[PDB]
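Containing PDB, C-alpha atoms (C1' of nucleotides): coords-v7.pdb.
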```pdb
ATOM      1  CA  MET V   1      11.809 -54.161  67.691  1.00  0.00           C
ATOM      2  CA  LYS V   2      11.258 -50.578  66.631  1.00  0.00           C
ATOM      3  CA  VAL V   3       7.810 -49.148  65.907  1.00  0.00           C
ATOM      4  CA  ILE V   4       6.256 -45.800  65.029  1.00  0.00           C
ATOM      5  CA  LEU V   5       3.247 -45.184  67.300  1.00  0.00           C
ATOM      6  CA  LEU V   6       0.141 -43.830  65.590  1.00  0.00           C
ATOM      7  CA  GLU V   7      -1.584 -42.845  68.805  1.00  0.00           C
ATOM      8  CA  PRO V   8      -0.469 -41.633  72.223  1.00  0.00           C
ATOM      9  CA  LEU V   9       0.413 -44.752  74.228  1.00  0.00           C
ATOM     10  CA  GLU V  10       0.582 -45.078  78.049  1.00  0.00           C
ATOM     11  CA  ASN V  11       4.179 -45.868  79.026  1.00  0.00           C
ATOM     12  CA  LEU V  12       5.630 -45.909  75.542  1.00  0.00           C
ATOM     13  CA  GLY V  13       5.256 -42.461  73.996  1.00  0.00           C
ATOM     14  CA  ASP V  14       3.573 -39.674  72.047  1.00  0.00           C
ATOM     15  CA  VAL V  15       2.209 -40.299  68.538  1.00  0.00           C
ATOM     16  CA  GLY V  16       4.924 -40.336  65.866  1.00  0.00           C
ATOM     17  CA  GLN V  17       7.577 -41.188  68.459  1.00  0.00           C
ATOM     18  CA  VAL V  18       9.652 -44.285  67.713  1.00  0.00           C
ATOM     19  CA  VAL V  19       9.933 -46.809  70.530  1.00  0.00           C
ATOM     20  CA  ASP V  20      11.501 -50.264  70.849  1.00  0.00           C
ATOM     21  CA  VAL V  21       9.356 -53.201  72.031  1.00  0.00           C
ATOM     22  CA  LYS V  22       9.274 -56.968  72.062  1.00  0.00           C
ATOM     23  CA  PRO V  23       8.081 -58.242  68.674  1.00  0.00           C
ATOM     24  CA  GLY V  24       5.272 -60.212  70.317  1.00  0.00           C
ATOM     25  CA  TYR V  25       3.719 -57.020  71.618  1.00  0.00           C
ATOM     26  CA  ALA V  26       4.041 -55.355  68.218  1.00  0.00           C
ATOM     27  CA  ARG V  27       2.639 -58.139  66.102  1.00  0.00           C
ATOM     28  CA  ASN V  28      -0.250 -59.286  68.271  1.00  0.00           C
ATOM     29  CA  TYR V  29      -1.350 -55.977  69.751  1.00  0.00           C
ATOM     30  CA  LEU V  30       0.126 -52.832  68.345  1.00  0.00           C
ATOM     31  CA  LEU V  31       0.058 -53.484  64.598  1.00  0.00           C
ATOM     32  CA  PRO V  32      -3.401 -55.192  64.434  1.00  0.00           C
ATOM     33  CA  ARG V  33      -5.138 -52.475  66.413  1.00  0.00           C
ATOM     34  CA  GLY V  34      -3.764 -49.570  64.369  1.00  0.00           C
ATOM     35  CA  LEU V  35      -1.850 -48.375  67.483  1.00  0.00           C
ATOM     36  CA  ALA V  36       1.628 -48.454  65.971  1.00  0.00           C
ATOM     37  CA  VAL V  37       3.437 -49.351  62.715  1.00  0.00           C
ATOM     38  CA  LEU V  38       6.719 -51.248  62.074  1.00  0.00           C
ATOM     39  CA  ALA V  39       9.835 -49.029  61.839  1.00  0.00           C
ATOM     40  CA  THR V  40      10.732 -49.909  58.249  1.00  0.00           C
ATOM     41  CA  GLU V  41      12.830 -47.728  55.931  1.00  0.00           C
ATOM     42  CA  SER V  42       9.591 -47.353  53.901  1.00  0.00           C
ATOM     43  CA  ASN V  43       7.676 -45.615  56.728  1.00  0.00           C
ATOM     44  CA  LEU V  44      10.702 -44.354  58.605  1.00  0.00           C
ATOM     45  CA  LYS V  45      10.528 -41.907  55.717  1.00  0.00           C
ATOM     46  CA  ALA V  46       6.803 -41.111  56.109  1.00  0.00           C
ATOM     47  CA  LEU V  47       7.895 -40.078  59.581  1.00  0.00           C
ATOM     48  CA  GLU V  48      10.258 -37.477  58.127  1.00  0.00           C
ATOM     49  CA  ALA V  49       8.030 -36.491  55.195  1.00  0.00           C
ATOM     50  CA  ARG V  50       5.355 -35.578  57.759  1.00  0.00           C
ATOM     51  CA  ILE V  51       8.092 -33.819  59.777  1.00  0.00           C
ATOM     52  CA  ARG V  52       9.627 -31.804  56.901  1.00  0.00           C
ATOM     53  CA  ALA V  53       6.166 -30.847  55.636  1.00  0.00           C
ATOM     54  CA  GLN V  54       5.181 -29.803  59.149  1.00  0.00           C
ATOM     55  CA  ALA V  55       8.283 -27.650  59.533  1.00  0.00           C
ATOM     56  CA  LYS V  56       7.760 -25.847  56.195  1.00  0.00           C
ATOM     57  CA  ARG V  57       4.021 -25.228  56.629  1.00  0.00           C
ATOM     58  CA  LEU V  58       4.897 -23.549  59.930  1.00  0.00           C
ATOM     59  CA  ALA V  59       7.724 -21.715  58.110  1.00  0.00           C
ATOM     60  CA  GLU V  60       5.318 -19.972  55.730  1.00  0.00           C
ATOM     61  CA  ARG V  61       3.046 -19.464  58.758  1.00  0.00           C
ATOM     62  CA  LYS V  62       5.955 -17.495  60.264  1.00  0.00           C
ATOM     63  CA  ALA V  63       6.485 -15.891  56.848  1.00  0.00           C
ATOM     64  CA  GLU V  64       3.160 -14.326  55.733  1.00  0.00           C
ATOM     65  CA  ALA V  65       3.222 -13.531  59.462  1.00  0.00           C
ATOM     66  CA  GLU V  66       6.438 -11.516  59.235  1.00  0.00           C
ATOM     67  CA  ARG V  67       4.753  -9.672  56.394  1.00  0.00           C
ATOM     68  CA  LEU V  68       1.822  -8.934  58.769  1.00  0.00           C
ATOM     69  CA  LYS V  69       4.401  -7.789  61.339  1.00  0.00           C
ATOM     70  CA  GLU V  70       6.156  -5.135  59.257  1.00  0.00           C
ATOM     71  CA  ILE V  71       3.150  -4.065  57.150  1.00  0.00           C
ATOM     72  CA  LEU V  72       1.149  -3.895  60.396  1.00  0.00           C
ATOM     73  CA  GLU V  73       2.418  -1.907  63.434  1.00  0.00           C
ATOM     74  CA  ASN V  74       3.085   0.553  60.601  1.00  0.00           C
TER
ATOM     75  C1'   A Q   1      42.985 -81.265  43.625  1.00  0.00           C
ATOM     76  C1'   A Q   2      46.417 -77.794  41.589  1.00  0.00           C
ATOM     77  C1'   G Q   3      49.310 -78.355  37.376  1.00  0.00           C
ATOM     78  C1'   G Q   4      50.549 -80.270  32.202  1.00  0.00           C
ATOM     79  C1'   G Q   5      48.681 -82.401  27.396  1.00  0.00           C
ATOM     80  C1'   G Q   6      44.089 -82.572  24.679  1.00  0.00           C
ATOM     81  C1'   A Q   7      38.491 -81.624  22.880  1.00  0.00           C
ATOM     82  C1'   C Q   8      35.363 -77.510  22.366  1.00  0.00           C
ATOM     83  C1'   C Q   9      35.225 -72.614  22.676  1.00  0.00           C
ATOM     84  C1'   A Q  10      31.108 -67.575  24.372  1.00  0.00           C
ATOM     85  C1'   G Q  11      29.745 -65.165  26.534  1.00  0.00           C
ATOM     86  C1'   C Q  12      25.038 -62.358  28.318  1.00  0.00           C
ATOM     87  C1'   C Q  13      20.210 -60.352  30.876  1.00  0.00           C
ATOM     88  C1'   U Q  14      18.864 -58.366  35.405  1.00  0.00           C
ATOM     89  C1'   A Q  15      18.244 -56.163  41.308  1.00  0.00           C
ATOM     90  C1'   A Q  16      19.802 -51.600  43.379  1.00  0.00           C
ATOM     91  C1'   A Q  17      20.888 -45.932  43.060  1.00  0.00           C
ATOM     92  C1'   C Q  18      18.782 -41.792  39.687  1.00  0.00           C
ATOM     93  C1'   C Q  19      14.642 -40.109  36.090  1.00  0.00           C
ATOM     94  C1'   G Q  20       9.887 -40.653  33.904  1.00  0.00           C
ATOM     95  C1'   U Q  21       4.916 -42.289  33.625  1.00  0.00           C
ATOM     96  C1'   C Q  22       0.373 -44.639  34.848  1.00  0.00           C
ATOM     97  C1'   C Q  23      -2.360 -46.883  38.936  1.00  0.00           C
ATOM     98  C1'   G Q  24      -4.259 -46.917  44.681  1.00  0.00           C
ATOM     99  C1'   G Q  25      -3.425 -45.880  49.900  1.00  0.00           C
ATOM    100  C1'   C Q  26      -4.445 -41.742  53.303  1.00  0.00           C
ATOM    101  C1'   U Q  27      -1.678 -38.151  56.714  1.00  0.00           C
ATOM    102  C1'   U Q  28      -1.616 -34.428  50.714  1.00  0.00           C
ATOM    103  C1'   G Q  29       3.008 -34.801  49.480  1.00  0.00           C
ATOM    104  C1'   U Q  30       9.575 -32.831  47.758  1.00  0.00           C
ATOM    105  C1'   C Q  31       4.812 -38.826  50.652  1.00  0.00           C
ATOM    106  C1'   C Q  32       4.349 -44.211  50.649  1.00  0.00           C
ATOM    107  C1'   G Q  33       4.424 -48.750  46.884  1.00  0.00           C
ATOM    108  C1'   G Q  34       2.355 -51.487  42.566  1.00  0.00           C
ATOM    109  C1'   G Q  35       3.126 -51.989  37.411  1.00  0.00           C
ATOM    110  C1'   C Q  36       5.494 -50.525  33.008  1.00  0.00           C
ATOM    111  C1'   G Q  37       9.391 -47.585  30.941  1.00  0.00           C
ATOM    112  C1'   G Q  38      14.537 -45.384  30.812  1.00  0.00           C
ATOM    113  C1'   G Q  39      19.247 -45.826  33.374  1.00  0.00           C
ATOM    114  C1'   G Q  40      22.725 -49.993  35.101  1.00  0.00           C
ATOM    115  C1'   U Q  41      25.888 -54.774  35.304  1.00  0.00           C
ATOM    116  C1'   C Q  42      31.658 -54.529  37.337  1.00  0.00           C
ATOM    117  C1'   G Q  43      37.065 -56.470  40.326  1.00  0.00           C
ATOM    118  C1'   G Q  44      42.171 -51.576  35.773  1.00  0.00           C
ATOM    119  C1'   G Q  45      36.112 -52.075  41.466  1.00  0.00           C
ATOM    120  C1'   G Q  46      31.751 -51.057  38.767  1.00  0.00           C
ATOM    121  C1'   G Q  47      27.315 -47.878  38.515  1.00  0.00           C
ATOM    122  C1'   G Q  48      24.292 -43.650  39.875  1.00  0.00           C
ATOM    123  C1'   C Q  49      24.010 -37.864  40.219  1.00  0.00           C
ATOM    124  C1'   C Q  50      26.378 -33.372  38.965  1.00  0.00           C
ATOM    125  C1'   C Q  51      31.219 -29.775  35.806  1.00  0.00           C
ATOM    126  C1'   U Q  52      34.235 -29.715  31.245  1.00  0.00           C
ATOM    127  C1'   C Q  53      36.045 -32.401  27.180  1.00  0.00           C
ATOM    128  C1'   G Q  54      35.415 -35.825  23.499  1.00  0.00           C
ATOM    129  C1'   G Q  55      32.860 -37.610  18.820  1.00  0.00           C
ATOM    130  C1'   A Q  56      29.869 -44.017  12.623  1.00  0.00           C
ATOM    131  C1'   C Q  57      33.054 -49.277  14.271  1.00  0.00           C
ATOM    132  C1'   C Q  58      30.854 -53.738  16.520  1.00  0.00           C
ATOM    133  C1'   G Q  59      26.993 -57.304  16.470  1.00  0.00           C
ATOM    134  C1'   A Q  60      23.672 -61.954  17.927  1.00  0.00           C
ATOM    135  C1'   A Q  61      22.447 -67.841  20.940  1.00  0.00           C
ATOM    136  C1'   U Q  62      16.744 -63.679  17.427  1.00  0.00           C
ATOM    137  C1'   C Q  63      14.310 -63.192  12.260  1.00  0.00           C
ATOM    138  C1'   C Q  64      14.792 -64.056   7.173  1.00  0.00           C
ATOM    139  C1'   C Q  65      17.028 -66.189   2.201  1.00  0.00           C
ATOM    140  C1'   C Q  66      20.329 -69.818   0.253  1.00  0.00           C
ATOM    141  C1'   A Q  67      24.004 -73.938  -0.254  1.00  0.00           C
ATOM    142  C1'   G Q  68      24.200 -78.510   1.676  1.00  0.00           C
ATOM    143  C1'   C Q  69      21.597 -82.878   3.884  1.00  0.00           C
ATOM    144  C1'   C Q  70      17.406 -86.673   5.191  1.00  0.00           C
ATOM    145  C1'   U Q  71      12.350 -88.681   3.615  1.00  0.00           C
ATOM    146  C1'   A Q  72      11.374 -92.207  -3.321  1.00  0.00           C
ATOM    147  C1'   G Q  73      14.704 -92.886  -7.019  1.00  0.00           C
ATOM    148  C1'   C Q  74      18.456 -93.081 -11.943  1.00  0.00           C
ATOM    149  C1'   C Q  75      22.554 -94.003 -15.457  1.00  0.00           C
ATOM    150  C1'   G Q  76      26.061 -97.631 -15.073  1.00  0.00           C
ATOM    151  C1'   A Q  77      31.868-101.229 -18.873  1.00  0.00           C
ATOM    152  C1'   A Q  78      32.908-106.333 -21.141  1.00  0.00           C
ATOM    153  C1'   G Q  79      31.624-113.367 -24.206  1.00  0.00           C
TER
END
```
Any chance you could give the structure as structure tokens?
Amino acid sequence: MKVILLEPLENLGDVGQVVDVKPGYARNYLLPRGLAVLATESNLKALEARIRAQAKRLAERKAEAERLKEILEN
RNA sequence: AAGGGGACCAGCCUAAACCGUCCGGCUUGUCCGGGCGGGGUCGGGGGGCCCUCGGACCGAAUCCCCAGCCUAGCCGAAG
């Protein structure tokens, strides 16, 4: 089924990406070896929490920047 | 079996959303989930979260106290 990959993974995807596999792969390879995690509501969120948080931390980074763009070059 | 006639008669608590707290996980975070707490219980669909308005009567299957009752008994007419 669906999993959230914790690492980069050959022909599946980049970390954090959500890909769809056969459950045998997931349960006997991916999950045990901390390579991916099941795509449950409960960590489908932790995907987006990490996302939102990432977006905002960059937002301030382009904020206190825009300060240092008008206050500088001036 | 529905139905009709009867017996008895009684209706409730949660899960979830939302809020709070404590605890532990690592990826700190508007995170995730574990407990406890609040909130909620319905088929005129009900509940949550917001806006306005409103403004003591119920009531236990729980806890008391009592009557009554069971576990000995007693009085009891007239040759």
Any chance you could work out the residue set of the PyMOL selection byres ((chain V and resi 15) around 10) here, as a short mmCIF file (atom, residue, chain, number, x, y, z; two decimals) with C-alpha atoms, in the frame of the given file?
```cif
data_model
loop_
_atom_site.label_atom_id
_atom_site.label_comp_id
_atom_site.auth_asym_id
_atom_site.auth_seq_id
_atom_site.Cartn_x
_atom_site.Cartn_y
_atom_site.Cartn_z
CA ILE V 4 6.26 -45.80 65.03
CA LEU V 5 3.25 -45.18 67.30
CA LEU V 6 0.14 -43.83 65.59
CA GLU V 7 -1.58 -42.84 68.81
CA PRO V 8 -0.47 -41.63 72.22
CA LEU V 9 0.41 -44.75 74.23
CA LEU V 12 5.63 -45.91 75.54
CA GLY V 13 5.26 -42.46 74.00
CA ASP V 14 3.57 -39.67 72.05
CA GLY V 16 4.92 -40.34 65.87
CA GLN V 17 7.58 -41.19 68.46
CA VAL V 18 9.65 -44.28 67.71
CA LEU V 35 -1.85 -48.38 67.48
CA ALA V 36 1.63 -48.45 65.97
#
```
**Request:** Using the chain letters and numbers from the file, give me the residues hit by the PyMOL selection byres ((chain Q) within 9 of (chain V)), as a list in words.
**Result:**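 Matching residues under the PyMOL selection byres ((chain Q) within 9 of (chain V)) are residues 27, 29, 30, 31, 32 and 33 of chain Q.
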**Request:** Report as number ranges by chain the residues that result from applying the PyMOL selection byres ((chain V and resi 39) around 8) to the structure here.
**Result:** V: 2-4, 18, 37-38, 40-41, 43-44
Restricting the output to C-alpha atoms, write the selected residues as a compact mmCIF listing (two decimals), in the coordinates of the input.
```txt
# COMPACT_ATOMS: atom_id res chain seq x y z
CA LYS V 2 11.26 -50.58 66.63
CA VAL V 3 7.81 -49.15 65.91
CA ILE V 4 6.26 -45.80 65.03
CA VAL V 18 9.65 -44.28 67.71
CA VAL V 37 3.44 -49.35 62.72
CA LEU V 38 6.72 -51.25 62.07
CA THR V 40 10.73 -49.91 58.25
CA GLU V 41 12.83 -47.73 55.93
CA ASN V 43 7.68 -45.62 56.73
CA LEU V 44 10.70 -44.35 58.60
```
**Asked** Interatomic distance between CA of residue 34 (chain V) and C1' of residue 26 (chain Q)?
**Response**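 Rounded to one decimal, the two atoms are 13.6 Å apart.
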**Request:** Report the distance between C1' of residue 35 (chain Q) and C1' of residue 15 (chain Q) in Å, rounded to one decimal place.
**Result:**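 For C1' of residue 35 (chain Q) relative to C1' of residue 15 (chain Q), the distance reads 16.2 Å.
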**Request:** Enter the distance from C1' of residue 40 (chain Q) to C1' of residue 23 (chain Q), in Å, rounded to one decimal.
**Result:**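 Atom-to-atom, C1' of residue 40 (chain Q) and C1' of residue 23 (chain Q) are spaced 25.6 Å apart.
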Box centre and edge lengths (Å, one decimal), axis-aligned, region 12-25 of chain Q plus 4 Å each side, as AutoDock Vina command-line options:
```
--center_x 10.4 --center_y -51.2 --center_z 39.1 --size_x 37.3 --size_y 30.2 --size_z 29.6
```
Quick test: take chain V, keep C-alpha atoms, and write it as a CSV table (one decimal), in the first residue's frame.
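In the end it all went to part.csv:
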```
chain,number,residue,atom,x,y,z
V,1,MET,CA,0.0,0.0,0.0
V,2,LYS,CA,1.1,3.6,0.6
V,3,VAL,CA,4.2,4.4,2.6
V,4,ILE,CA,6.2,7.5,3.5
V,5,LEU,CA,9.9,7.0,2.7
V,6,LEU,CA,12.4,8.1,5.4
V,7,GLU,CA,15.4,7.9,3.1
V,8,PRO,CA,16.1,8.3,-0.6
V,9,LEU,CA,15.2,5.0,-2.3
V,10,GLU,CA,16.4,3.8,-5.7
V,11,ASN,CA,13.4,3.5,-8.0
V,12,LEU,CA,10.8,4.6,-5.5
V,13,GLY,CA,11.5,8.2,-4.5
V,14,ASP,CA,13.0,11.0,-2.5
V,15,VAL,CA,12.7,11.1,1.3
V,16,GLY,CA,9.3,12.2,2.5
V,17,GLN,CA,7.7,11.3,-0.8
V,18,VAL,CA,4.7,8.9,-0.6
V,19,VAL,CA,4.8,5.9,-2.8
V,20,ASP,CA,2.6,2.8,-3.3
V,21,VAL,CA,4.1,-0.7,-2.9
V,22,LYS,CA,3.1,-4.3,-2.3
V,23,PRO,CA,2.5,-4.8,1.4
V,24,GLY,CA,5.0,-7.7,1.4
V,25,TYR,CA,7.8,-5.3,0.5
V,26,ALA,CA,6.7,-2.8,3.1
V,27,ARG,CA,6.3,-5.1,6.0
V,28,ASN,CA,9.4,-7.3,5.5
V,29,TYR,CA,11.8,-4.8,4.2
V,30,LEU,CA,10.9,-1.2,4.3
V,31,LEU,CA,9.3,-0.8,7.8
V,32,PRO,CA,11.8,-3.1,9.7
V,33,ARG,CA,14.9,-1.3,8.3
V,34,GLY,CA,13.7,2.2,9.0
V,35,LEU,CA,13.6,2.9,5.3
V,36,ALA,CA,9.9,3.9,5.1
V,37,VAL,CA,6.8,4.2,7.3
V,38,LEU,CA,3.1,3.2,6.8
V,39,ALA,CA,0.9,6.0,5.3
V,40,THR,CA,-1.5,6.2,8.2
V,41,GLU,CA,-3.6,9.3,9.0
V,42,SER,CA,-1.4,9.6,12.2
V,43,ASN,CA,1.8,10.1,10.2
V,44,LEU,CA,0.3,11.4,7.0
V,45,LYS,CA,0.0,14.4,9.3
V,46,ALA,CA,3.6,14.4,10.5
V,47,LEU,CA,4.3,14.7,6.8
V,48,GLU,CA,2.4,18.0,6.6
V,49,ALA,CA,3.5,19.2,10.0
V,50,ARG,CA,7.1,18.9,8.8
V,51,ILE,CA,6.0,20.6,5.5
V,52,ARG,CA,4.1,23.5,7.1
V,53,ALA,CA,6.9,24.1,9.6
V,54,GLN,CA,9.4,24.0,6.8
V,55,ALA,CA,7.5,26.5,4.7
V,56,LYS,CA,7.2,29.0,7.6
V,57,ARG,CA,10.8,28.7,8.8
V,58,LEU,CA,11.8,29.7,5.2
V,59,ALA,CA,9.1,32.4,5.3
V,60,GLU,CA,10.8,34.2,8.2
V,61,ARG,CA,14.1,33.5,6.5
V,62,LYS,CA,12.7,35.5,3.6
V,63,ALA,CA,11.3,38.0,6.1
V,64,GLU,CA,14.3,39.1,8.3
V,65,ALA,CA,15.9,38.9,4.9
V,66,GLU,CA,13.5,41.5,3.3
V,67,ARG,CA,14.5,43.7,6.3
V,68,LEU,CA,18.2,43.2,5.4
V,69,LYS,CA,17.2,44.1,1.8
V,70,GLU,CA,15.6,47.5,2.5
V,71,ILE,CA,17.7,48.5,5.5
V,72,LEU,CA,20.8,47.4,3.5
V,73,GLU,CA,21.4,48.8,-0.1
V,74,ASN,CA,20.4,52.0,1.8
```
